[PDB]
Amino acid sequence: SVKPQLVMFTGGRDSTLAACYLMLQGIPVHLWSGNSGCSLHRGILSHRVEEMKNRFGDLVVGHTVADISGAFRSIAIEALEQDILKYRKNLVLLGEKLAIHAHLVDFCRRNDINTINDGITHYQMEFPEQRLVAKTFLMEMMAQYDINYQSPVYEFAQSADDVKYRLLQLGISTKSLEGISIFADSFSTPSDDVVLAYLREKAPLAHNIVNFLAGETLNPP
Amino acid sequence: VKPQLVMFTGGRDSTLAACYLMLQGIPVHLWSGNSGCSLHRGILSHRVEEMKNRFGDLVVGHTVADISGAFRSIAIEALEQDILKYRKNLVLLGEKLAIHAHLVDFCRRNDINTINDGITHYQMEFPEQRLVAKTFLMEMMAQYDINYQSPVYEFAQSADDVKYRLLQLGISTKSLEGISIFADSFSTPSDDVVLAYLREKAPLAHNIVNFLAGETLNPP
Amino acid sequence: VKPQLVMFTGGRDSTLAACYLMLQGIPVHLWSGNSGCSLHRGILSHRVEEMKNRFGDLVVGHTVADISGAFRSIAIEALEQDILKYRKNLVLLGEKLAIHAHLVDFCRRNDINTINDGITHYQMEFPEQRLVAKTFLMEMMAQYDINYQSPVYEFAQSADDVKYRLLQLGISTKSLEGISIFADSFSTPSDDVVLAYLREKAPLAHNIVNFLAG
Amino acid sequence: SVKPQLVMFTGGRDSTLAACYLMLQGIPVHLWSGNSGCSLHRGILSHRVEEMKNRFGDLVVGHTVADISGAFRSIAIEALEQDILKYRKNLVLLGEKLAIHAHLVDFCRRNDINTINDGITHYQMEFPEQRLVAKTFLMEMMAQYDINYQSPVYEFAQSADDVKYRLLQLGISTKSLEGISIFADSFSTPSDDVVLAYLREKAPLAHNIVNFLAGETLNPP
Amino acid sequence: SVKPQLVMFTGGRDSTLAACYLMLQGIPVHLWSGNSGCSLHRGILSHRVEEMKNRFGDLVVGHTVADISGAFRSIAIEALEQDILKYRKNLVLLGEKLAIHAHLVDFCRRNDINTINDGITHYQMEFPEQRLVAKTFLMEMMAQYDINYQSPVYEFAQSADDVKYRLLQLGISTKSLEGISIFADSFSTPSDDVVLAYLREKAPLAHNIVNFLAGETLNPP
Amino acid sequence: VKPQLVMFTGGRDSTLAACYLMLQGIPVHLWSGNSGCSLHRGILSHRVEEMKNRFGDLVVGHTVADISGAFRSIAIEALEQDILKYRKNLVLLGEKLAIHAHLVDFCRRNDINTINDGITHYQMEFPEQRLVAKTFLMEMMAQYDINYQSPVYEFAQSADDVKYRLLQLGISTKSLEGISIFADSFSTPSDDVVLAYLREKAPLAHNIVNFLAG
Amino acid sequence: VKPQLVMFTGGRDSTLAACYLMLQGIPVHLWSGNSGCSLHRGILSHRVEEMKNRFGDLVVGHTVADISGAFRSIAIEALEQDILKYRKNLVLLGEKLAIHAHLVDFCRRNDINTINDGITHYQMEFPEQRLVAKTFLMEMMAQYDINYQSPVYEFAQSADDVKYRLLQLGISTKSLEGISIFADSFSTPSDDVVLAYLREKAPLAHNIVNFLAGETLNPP
Ligand SMILES: Nc1nc2c(ncn2[C@@H]2O[C@H](COP(=O)(O)OP(=O)(O)OP(=O)(O)O)[C@@H](O)[C@H]2O)c(=O)[nH]1
Ligand SMILES: Nc1nc2c(ncn2[C@@H]2O[C@H](COP(=O)(O)OP(=O)(O)OP(=O)(O)O)[C@@H](O)[C@H]2O)c(=O)[nH]1
Ligand SMILES: Nc1nc2c(ncn2[C@@H]2O[C@H](COP(=O)(O)OP(=O)(O)OP(=O)(O)O)[C@@H](O)[C@H]2O)c(=O)[nH]1
Ligand SMILES: Nc1nc2c(ncn2[C@@H]2O[C@H](COP(=O)(O)OP(=O)(O)OP(=O)(O)O)[C@@H](O)[C@H]2O)c(=O)[nH]1
């Protein structure tokens, strides 16, 4: 046995492979999925979890679906007017990732987990949060709470096709069985400077939410 | 109001085709061909559920047909000769021909005269979805007084077109279908090659039609 | 005695191989690879029943493994190139290599070091049953400290040899196995072609072995 | 509406196809299997019946498994010493076919069937019961009882491969799921003259069995 | 405490009495019945087993019904033409007895039994398997495997009447509740020389079957 | 066709008699007399099952009748006098007369006028199967307008004749009947003795017939 | 306190014998021989019920034994010769000998050394109940170290004696037993004939004892 680690798991190919690759090494994974409250057609996720339990047994130690709608709202939606007028870009989905990270601090500290993993693989332009500017920021944030952030399947596959057929060799389906954010395809591409500035602007809020969830303060930042 | 048949895989394109028919008041019989080389088909049932939920009685049925015999005869039996001649793996074109042979039999025995599929403009790179193939199969189906339509062909200029119409129906935008083991196992053929293959295998397909009708046991 | 694994399809030859091991006191794990292109495999369960009936606990289990991914990668993904180069459809040889890659993983994770199959002399036309293939796969399995035997190879000079030894065991003589959709879909290859194909796909097989092992 | 015909059905691919081809034409078939009491490992037959019911429904009107062991013994076994010393050939399986035909006269008369069909194929002419000379004899025999004997896969089947792949196209397994006679591979090849002489010697016994089964005589030939 | 012995049990009155007489002495019996695949109407056997369990309880340690059809075919059926042309006699039932004995070597070695018993009787010496010359041969055969072959009702049974009324005294039916070989009344009487020659010709096959069943060879004789 | 009754014991001969009637389209009522001195009659039900399996509704029913009282009165009550006079134990002939007395009653109350048994030529040693007995009982039954036939008498020159016609019907060749405790308890009588015994007990049988009819 | 066996038919005499033993604290195993010629035996169970009701645990069991084989061999097989020699039907004497042979076996295998029956003075006209028979059977049973007693013999000078003792026990006075088909089928024999028959059939009885013990299969 090894100490379980957490995987940020959406049901997509890439995070599926991340979890699978960990488990192939004997590393038990706690699958963690954030529900932001604006995600549609999330039913299929259960089919993917089933496939993974079938192939790896006990190594899937559990699947947590967390309601992060409150943190998401506070970080990304309450000041949507301000946010879009300032950055000229809809960064709601970036805010959601910050909300995920706040929740993960709480989850990790309450469940004795010190390693989290994500599904970064080959390069994907659509996801600003997979950029070094954002991942550096997020890694820093998690390290302030002594949480180790890994990307175990980084550049392990060259392309989406490489991810699909590695999963097929594992006896798992190639599809991305994830819910769809209502904000999918609802934004244009931001610069790295807008990404970093947004993360820095909302960070105080995220940290405050972390403190609230730990029972240390009610007061705003 | 008389049911029509939809060639249904669970993909977003065939889903939309069936849904759009049902929105017009047309009951659809969902028909899925199992060629025997299809992996991870379990998720299909989630899609069927979505459609029953949204349209009720207008989904008059779901038939899963074993077409592995016809598929093998058309597309696999002579695979060495086929690939050495055409220099391309056209197995999935063969599968569509096998589907159509079976559908003549199915339509004749179940009193259906209109079949529909999800072929789309944005997927014309796949041989079975090329105008040249569709035209050939329309003529084939008309020889048996069967009307073959493709109700999402002209509209779907991208997968996004299909996605957002599905979402408006309260249906997931994903393709909840099985994967052929022959996915990503082929390079793109010319139109000349697609037409030549269809013409070469047509005698076999028609022979399969005759066998399924109990009119011959003898070879093409 | 320590269990050994048998590559078991339900066919006469692999049935007899498993049975002959069990008659010697050797418990067998029956292992069946599903490549994703097999039809009418329901009858297999009738044969497993016959074997459980005749040998009891010596049948320690029956694993049906999904090997469709490895099979696809080795044998199907480059089928155009493969057929244009060798002028022969060697998909079923590919399947055998995919079986052996999966078996490395299976053996390491389940503490088995002896694998057995039903290859027979009388089926030498089929590439996976050629001496040159067998020799290659024995070398491959020995690189992972796995002993690969073929306990009915030398004896079975005809299907009749196998049939009547099965009958003596109170077992049906038929091959109660599934049918590959690639049955009767190929012409006969040379030994040189079988060896060259195995050597070309071996790097991929070893890569799949490493992936399955993390 | 369409009148059922009977198929002599063993579970082999040839008789399976014969029955299937009839049913494809709309002809309901009564599947008839003779158990001679020397047949081993007959359990798999029911798998084949299931496949056929699955593919054709109501057109399978029934499956009769008949005990023909008594007729078989009387015609083929009781005088085995004399039979083999005279003909120099083990013709028990020819005797079985005669016993089948005697039983079928009775069955057809009692069940209002006038057309019987079997799976004889060109590719299986080595076996005595599938030799033109035997078939011709049995056709004549059946016609004396106003029974039409047909062999609907005879001319088509130039090889087992022909039969297999027509079954596969029907969604049915290619295998011969039939029991095995203990007399399999227990004989060498007989001449036509010997097959005809044997049939003509045992014919009186067969006709006598027909009459007994109809309740017209108890007396021997 | 008392070590079980095996009885070759058909349901006939002679083997029934043999088993019963053993059990009356305190000797537990394993009833062993060989099914050669040519035996008809075997259902009544279970009525006889019931009678014996009723009368003797625990002393009936078991009833094994063994499939010996393969050994029987290989030794008696496969070369039936040659066998009958050479010996001028149908000795299939002698072959069956050899097949029984081969199977019993295997059964005795695997089940720790060293004494087998049958129901041979003086009054049934017409049949080859119950001829002194056959019994002597099979005794020798069994002794080569350190198996003691006994016939506990041989000297007593001067007629079927002797056996019947000793059964009746045990509260057991007098009938032979056994299946019937299709080869019943299918043979004329052989000489001793012919019985010995046949046994000696098929012996190599029997010993080979013994070795196969022990997992020591696949090769033919 | 109108049902007929068969005197059925489960033995070969009566089994074949009933079967041969049914093959002709004649429904049979199977009738078995229990004399009170029969052992191990459980196996009879196996034979009835075989016959129902092979002929269905043509078996219209199976009556097991207690005839112990008539049997006792005819054959047992005066056994000392009977044996001292005839020098032979004729109890089983008595049983047959008791069967026939009961059958008069049964036939009148159940609308049957044809009775049949399994008597055979090959069993002429047994008094109830002698021509002289059969003739007497046919006369007796005709006094009550009952037709008494023996449909396997002339044909069965040996038990083998019966056996192999049964086998042809898919029925076991064995006699699945009970055993009289009087089996093997008697020496062979003359025809004169059989006739004289029947004639002496006939008044008693007719009296029992009248009693059963009120 | 060690069980003894009672030869029990359901009749008033054997009922009283068993009851009187149980009144003294002696547990009884009720043993009933079925010779295969016995009619209307169903009422026996009513009598057993009465006795269980009145005595509880002291009724340790009820064995019904099939003795038809021994009965047939001793009494029926040679019925012609037996009646021609003795001029009397002694089948029911034979039955009692068969009962006693079976009881040697039963006693040896079930660790019982005392058997008891209901023979009575008032029924001395029946051969099995005659002093001369009882004496012979006592000697026979003593050769196997079995004690044979008849605990109601001397007291029962009439059926009325038995009746009224039963009634005092809360038990019905009737004989709730089966009837032999050989009831009223015999005239009364002399003592000489009873003794001679017993002596002639004794070798057969002892042979049956040996067979039941697994010591011989051979004839007397
Ligand atoms: N011939 C043919 N091949 C198809 C068809 N649909 C899918 N495929 C094959 O199977 C593969 C499946 O990949 P996609 O359908 O793109 O998978 P997806 O998850 O829906 O979408 P992506 O996220 O873009 O991979 C294709 O790349 C083709 O090789 C079709 O209609 N015809
Ligand atoms: N590569 C390969 N092909 C095989 C093998 N066994 C069968 N095949 C192919 O499958 C075809 C049919 O196989 P089956 O359906 O089992 O038929 P069969 O081998 O002739 O045997 P039966 O079914 O007993 O008549 C063969 O003619 C070959 O083309 C095998 O071990 N390897
Ligand atoms: N009167 C009379 N006695 C019979 C009859 N059948 C049998 N028995 C007597 O019963 C004895 C044994 O009968 P079964 O036990 O049937 O024996 P079996 O007749 O020799 O026949 P199997 O049991 O087949 O060997 C005979 O030897 C006769 O003494 C019958 O029909 N009438
Ligand atoms: N040998 C013998 N015969 C007996 C015995 N008990 C009864 N029987 C016979 O069976 C007949 C039965 O008649 P009972 O016992 O008198 O009948 P019951 O109804 O108890 O008394 P009753 O009202 O007097 O008739 C006797 O007449 C004897 O013939 C017995 O102990 N020994």
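The figures that follow rest on heavy atoms only: side chains count, while hydrogens, waters and symmetry mates do not. To find a chain, count down the sequence lines: A is the first, B the second, and so on, and within it residues start at 1.
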Practice prompt. Give, for atom NE2 of D/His41 and atom CG of E/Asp67, the distance between the pair rounded to the nearest 0.5 Å.
Written response: 5.0 Å
Response to the item:
Rounded to the nearest 0.5 angstrom, the CG-OG distance for E/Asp83 and D/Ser186 is 9.5 Å
Discussion item. Counting only non-hydrogen atoms closer than 4.5 Å, does D/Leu40 touch chain E with its backbone (N, CA, C, O), its side chain (CB onward), both, or neither?
Written reply: side chain
Fill in: Distance (rounded to the nearest 0.5 Å) between D/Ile182 CD1 and E/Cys38 SG
4.0 Å
Discussion item. Any side-chain to backbone donor/acceptor pair from D/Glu81 onto E/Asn90? Under 3.5 Å, distance only.
Written reply: yes
Practice prompt. Would you check if E/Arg73 and D/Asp185 make a side-chain contact, meaning some heavy-atom pair closer than 4.5 Å?
Written response: yes
Item to complete: Search all heavy atoms of D/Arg88 against all heavy atoms of E/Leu85 and return the closest pair with its distance.
Response: NH1-CD2, 3.8 Å
Worksheet item: Do other residues, nucleotides or ligands put more than 12 heavy atoms under 6.0 Å from the CD atom of E/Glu50?
Response: no
Item to complete: Can you measure from CG (E/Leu80) to CG (D/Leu80) and round to the nearest 0.5 angstrom?
Response: 5.0 Å
Discussion item. Between D/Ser188 and chain E, with a heavy-atom cut-off of 4.5 Å, which part of the residue counts as in contact: side chain, backbone, both or neither?
Written reply: both
